[PDB]
Amino acid sequence: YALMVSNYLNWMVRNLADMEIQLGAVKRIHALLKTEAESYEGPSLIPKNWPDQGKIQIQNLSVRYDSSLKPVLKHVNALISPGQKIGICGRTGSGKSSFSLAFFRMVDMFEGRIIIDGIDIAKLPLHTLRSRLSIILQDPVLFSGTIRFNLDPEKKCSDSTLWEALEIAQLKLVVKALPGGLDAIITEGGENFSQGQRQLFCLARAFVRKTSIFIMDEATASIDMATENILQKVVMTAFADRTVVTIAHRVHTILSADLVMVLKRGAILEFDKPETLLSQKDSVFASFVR
Amino acid sequence: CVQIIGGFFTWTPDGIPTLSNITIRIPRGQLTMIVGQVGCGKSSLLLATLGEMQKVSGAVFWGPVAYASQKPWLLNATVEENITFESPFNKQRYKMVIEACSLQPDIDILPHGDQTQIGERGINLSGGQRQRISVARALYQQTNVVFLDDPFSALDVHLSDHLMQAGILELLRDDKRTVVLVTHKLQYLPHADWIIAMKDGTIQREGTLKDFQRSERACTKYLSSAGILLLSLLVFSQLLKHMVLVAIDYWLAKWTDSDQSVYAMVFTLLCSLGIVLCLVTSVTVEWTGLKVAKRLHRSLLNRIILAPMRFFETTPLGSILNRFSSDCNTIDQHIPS
Ligand SMILES: Nc1ncnc2c1ncn2[C@@H]1O[C@H](COP(=O)(O)OP(=O)(O)O)[C@@H](O)[C@H]1O
Ligand SMILES: Nc1ncnc2c1ncn2[C@@H]1O[C@H](COP(=O)(O)OP(=O)(O)O)[C@@H](O)[C@H]1O
Ligand SMILES: [Mg+2]
Ligand SMILES: [Mg+2]
């Protein structure tokens with residue numbers, strides 16, 4: 001036993017050090033587990049189908065990214081009639097992307113009321129709120145796989161549906177020119193598609209989602225103006241019976257809309273008539289910019 | 001001047017090409033706007049001109065060239081470092097590049113007025129901030145030719161106007177450098193000297209403007225996930241096996257230096273007891289390891305899924321992923337043995 005333990009002593013010390021290192025590993029896992037405070041979703045309005053009427057209204061809205069930090073929005077008040085195209089404009093840091101993120105309850109320090117057809121989050125969990133709208137971002141992401149997986153991960157669409165969705169999104173010709181049309185292998189980003197094509201694929205997600213409300217945060221970011229004008233005309237003729245709220249740094253797109261609101265340093269202001277909204281400002285914020 | 005005669009290249013050792021019969025001359029001290037539809041080899045022309053893609057058949061001539069790509073990137077460093085890029089500092093040069101890029105107010109708004117440690121890929125930065133920082137890097141460096149791959153995507157009208165007026169027309173054109181800028185706006189066309197129209201990988205027309213317009217709390221939950229019944233059986237079986245092992249050797253020692261059949265039966269019984277108990281120990285240990293592995297992974301993924309976006313932006317993602325992979329691999333393959 002002495003000759004045995006004279007070796008198993010060092011062996012045992014080494015094994016104990018190894019266990020200590022691995023247990024510190026487990027400890028960092030357990031420390032990672034319990035952060036991310038619940039922020040979880042938690043049935044009277046669910047049983048009734050989500051209304052097609054796109055009438056919405058935000059009263060006295062503010063927003064703060066981090067708790068106890070500077071406010072991003074301040075005294076936000078706006079209303080939107082059913083089935084009408086809504087335009088928003090503003091400089092950098094004005095709060096347009098913040099407006100969109102707060103429309104989805106992605107910013108956890110908002111104050112005010114967001115009513116959608118006499119319906120708000122007072123009786124609805126977050127899932128039915130994630131299924132009620134559609135959103136296109138300025139930051140186009142595309143995960144690897146096939147074109148069917150990027151266009152519809154639920155795999156609940158017919159091939160003619162996606163072909164029509166691509167022919168409407170001005171993307172059919174560049175899809176037909178690839179091996180395995182709807183089954184070409186996509187890599188994460190890469191050069192299989194330029195920035196504009198990724199934007200178009202996000203637009204195609206929006207097309208196939210078939211919701212009642214649309215959010216469009218700079219679909220003009222990386223698309224040529226010549227193709228962008230006709231693309232916006234086709235996307236307006238396609239989504240006629242649903243509300244669309246756009247934020248584009250292109251002047252003409254803002255011009256084509258009826259109800260346009262300009263975000264200010266912290267606040268907004270709405271205007272409707274194209275001939276009245278351009279001379280009421282004394283031709284400062286919407287005319288000379290055009 | 002940057003010269004190209006007979007452009008021809010594709011993105012493989014063999015395949016149908018996208019670069020076909022490109023001829024272009026770029027005299028120094030001159031602005032050149034490349035324009036065209038989406039997917040017309042504009043960035044590809046930029047990269048082939050960059051020598052990063054040597055053409056199959058064609059001649060190209062022009063050095064260390066500054067360049068801001070279409071998808072910007074940041075280094076694990078400070079802002080000043082991302083804009084210097086190994087070059088020595090300069091009192092007026094750095095301040096001019098900053099005050100031309102529409103970047104000083106936002107930089108001063110940051111938590112650290114400067115030298116803020118830019119997170120991995122720039123998560124704690126906004127969309128336009130990273131683009132302005134990449135353009136500042138490519139604009140601060142000393143070189144002849146500068147390629148700008150749509151430096152106006154994530155900017156508004158007013159910031160784009162100020163940046164194009166200050167850096168491109170006043171600061172760049174000062175030293176009479178060469179600028180190749182590829183974008184699509186209205187203000188830039190009347191300012192540049194050459195215009196290059198691309199379509200399906202081919203140059204539609206070519207030349208200057210006038211000729212173009214005249215042309216046609218850690219081990220507790222671990223042991224709980226292991227199971228209060230399984231680890232207990234593990235420890236019990238281990239202790240029992242070792243008691244048997246020491247006892248048989250002590251009995252054999254007291255017998256050897258000497259009811260012989262009695263000892264023979266005792267020895268034969270203990271030699272089977274030992275193997276039974278040890279086999280049980282090993283089986284139990286492996287079972288425990290597997291259970292810990294899978295319960296921990298299932299908990300981890302559904303803890304990450306139920307997280308708010310503030311937590312995802314705040315946390316460095318490299319730490320999350322490396323902790324994930326390294327810890328899970330250690331638990332799966334190093335913890336049992
Ligand atoms: N994820 C974030 N964390 C902290 N502050 C943010 C975040 N996103 C935006 N902000 C702040 O909000 C202000 C404007 O919001 P933003 O939505 O980015 O406007 P815009 O869309 O015009 O760029 C900026 O001053 C910015 O610092
Ligand atoms: N590495 C690559 N692999 C495959 N195809 C590529 C690669 N790089 C470019 N292409 C193709 O060539 C075209 C290059 O387009 P690009 O010049 O980047 O458009 P834009 O400049 O408007 O963003 C794209 O249509 C793309 O399909
Ligand atoms: Mg934004
Ligand atoms: Mg490009």
Which listed pairs, of A:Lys55/A:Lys85; A:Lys70/A:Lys264; B:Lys71/B:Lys176, have C-alpha distances above 18 Å, in listed order: B:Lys71/B:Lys176
Peptide ranges B:319-327, B:207-215, A:204-212 listed from the most packed, as the mean C-beta count within 10 angstrom indicates: A:204-212, B:319-327, B:207-215
Among residues other than A:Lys48 whose Cβ falls under 15 Å from its Cβ, what is the net charge (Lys/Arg +1, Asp/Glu -1)? -1
Cross-link list B:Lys42/B:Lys210; A:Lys172/B:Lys210; A:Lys96/A:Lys273; A:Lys210/A:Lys233: which exceed 25 angstrom alpha carbon to alpha carbon? A:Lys172/B:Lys210
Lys/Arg Cβ at +1, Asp/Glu Cβ at -1, dipole of the protein assembly as shown taken about the Cα centre: which of B:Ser272, B:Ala77, B:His162 is farthest positive-ward? B:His162
Cβ neighbours within 10 Å from other chains - mean over B:152-163: 4
With the dipole of the stretch B:229-337 worked out from charges on the C-beta (+1 for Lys and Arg, -1 for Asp and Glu) around the Cα centre, which of B:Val235, B:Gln260, B:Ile304 lies farthest toward the positive end? B:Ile304
When a/c is below 1.5 the answer is rounded, else prolate if a/b is larger than b/c, else oblate, so apply that to chain B with a ≥ b ≥ c taken from the square roots of the Cα gyration tensor eigenvalues. prolate
Determine the distance separating the Cα centre of the stretch B:90-142 from the Cα centre of the stretch A:136-185; give it in Å without decimals. 37
If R0 is 45 Å, what FRET efficiency do you get for B:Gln3 and A:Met106 from their C-beta distance, rounded to 0.05? 0.30
Using per-residue counts of other Cβ atoms within 10 Å, averaged over each peptide, order B:150-156, B:3-9, A:16-22, B:219-225 from highest down. B:150-156, B:3-9, B:219-225, A:16-22
Global geometry of the stretch A:119-252, whether rounded, prolate or oblate, following the gyration tensor of its Cα atoms and the 1.5 cut on a/c: oblate
Highest mean first, how do A:193-201, B:232-240 rank when packing is the count of other Cβ atoms within 10 Å averaged over residues? A:193-201, B:232-240
Under a point-charge model restricted to the Cβ atoms of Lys and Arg (+1) and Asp and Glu (-1), what is the dipole moment magnitude of the protein assembly as shown relative to its Cα centre, in debye to the nearest 20? 800
For the stretch B:242-270 and the stretch A:30-95, what is the separation of their Cα centres, given in Å? 78
Size of the dipole of the stretch B:161-302 about the Cα centre, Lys and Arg at +1 and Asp and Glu at -1 on the beta carbon, nothing else charged, in debye to 20? 480
For the stretch A:154-214, averaging the sequence separation of alpha carbon pairs under 8 Å that lie six or more residues apart and dividing by its residue count, the contact order in percent is 40
Would you please name the GluC sites (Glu not before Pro) within the stretch A:217-287 that are DSSP coil residues with at most 14 other C-beta atoms within 10 Å of their C-beta? A:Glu275
Could you run the Debye sum over the Cα atoms of chain A, one equal point scatterer each and no solvent, and tell me log10 of I(q)/I(0) at q = 0.07, 0.15 Å⁻¹, two decimals? -0.38, -1.27
Taking beta carbons within 10 Å but only from partner chains, what does the mean come to for residues B:318-330? 2
Cα pair distances of the protein assembly as shown binned at 10 Å [whole percent]: 3, 12, 19, 21, 17, 11, 7, 5, 4, 2, 1, 0, 0
Sum of side-chain charges, B:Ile195 neighbourhood, beta-carbon under 9 Å (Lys, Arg +1; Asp, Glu -1): -1
Let me confirm one metric for peptide A:216-222, namely the mean number of other chain beta-carbon atoms within 10 Å of its residues' beta-carbons. 3
To the nearest 20 debye, what is the magnitude of the charge dipole of chain B about its Cα centre, counting +1 on the Cβ of each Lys and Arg and -1 on the Cβ of each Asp and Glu? 400
Environment charge of B:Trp11, counting only residues whose C-beta is closer than 12 Å and scoring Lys/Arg +1, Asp/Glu -1: -2
How far is it, in nm, from the label point at B:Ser261 to the one at A:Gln53 when both lie 7 Å from their Cα along the line to the Cβ? 10.1
Per its Cα gyration tensor (rounded if a/c is under 1.5, else prolate when a/b beats b/c, else oblate), the stretch B:284-337 is best filed as oblate
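A quick note on method: Cβ atoms are made from the backbone with ideal geometry, for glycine too, and the neighbour counts reach across all protein chains shown. Throughout, read-outs are computed from the coordinates displayed, never taken from laboratory work.
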